[PDB]
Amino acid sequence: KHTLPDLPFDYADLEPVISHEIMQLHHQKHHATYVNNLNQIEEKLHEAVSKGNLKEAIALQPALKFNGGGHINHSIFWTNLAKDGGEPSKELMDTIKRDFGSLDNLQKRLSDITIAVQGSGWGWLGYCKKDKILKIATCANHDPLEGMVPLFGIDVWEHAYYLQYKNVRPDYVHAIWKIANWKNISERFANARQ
């Protein structure tokens, strides 16, 4: 069944950008809760789809999306962060330049749309295999990113930043680039491009 993945670092290792208390709650309470609930829902969905209990299958969809999306998004998020993440691979940098002009333009554009999310959500850098281009997008709540492979996500649910940054979401979104795990992001890019 689905399990809570261990973080690739210790709870305080992203300080001073994201605090120990945030990492601890975000992992041990929020992500844990999505996993526990997803397992209950997924079992129920398997039951209903097998038995052709259609009204119940349809009813279980929003909870599967929310908790499943929560599990997907946070699992990617933890791999996307590092105390010293390094720099983008030459192939990823070259592609960032091609599709956004520069890393600066990408960071600005993604930070801006992510900051602008109304309510809870996530910003994403992804790769679209069909049209062979990097794209940026936002998603409401825990809706998984669709139509492109995720590379780097920024959680802008208030629980992601509030204990440290309070209302100042922009400072958190700008600061998270300091701990972007470019090694991992580059690996995801390579994989999406095979």
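Numbering starts at 1 and follows the sequence shown.
Trainee: Going by the B-factors listed in the PDB entry, is the mean over the C-alpha atoms higher for 118-126 or for 78-86?
Mentor: Averaging CA B-factors over each stretch, the winner is 78-86.
Trainee: Please work out which of 30-38 and 45-53 has the higher mean CA B-factor as recorded in the PDB entry.
Mentor: Comparing 30-38 with 45-53, the higher mean C-alpha B-factor belongs to 45-53.
Trainee: In terms of recorded Cα temperature factor, pick the maximum from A137, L64, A140, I133.
Mentor: The record points to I133.
Trainee: Per the entry's values, where does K97 land by CA temperature factor relative to the rest of its chain, in the lowest, middle or highest third?
Mentor: Top third by C-alpha B-factor.
Trainee: Quick check for you: using the entry's CA B-factors within this chain, is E15 in the lowest, middle or highest third?
Mentor: Its C-alpha B-factor belongs to the middle third of this chain's values.
Trainee: Using the B-factor values recorded in the entry, state whether the Cα atom of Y172 falls in the lowest, middle or highest third among the modelled residues of its chain.
Mentor: Its C-alpha B-factor, which the entry lists for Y172, ranks in the lowest third among residues of this chain.
Trainee: Please say which third, lowest, middle or highest, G147 falls into when its CA temperature factor is compared across its chain.
Mentor: CA B-factor rank for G147: highest third.
Trainee: Compared with the other modelled residues in the chain, in which third is the CA B-factor of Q107?
Mentor: According to the entry, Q107 has a C-alpha B-factor in the chain's middle third.
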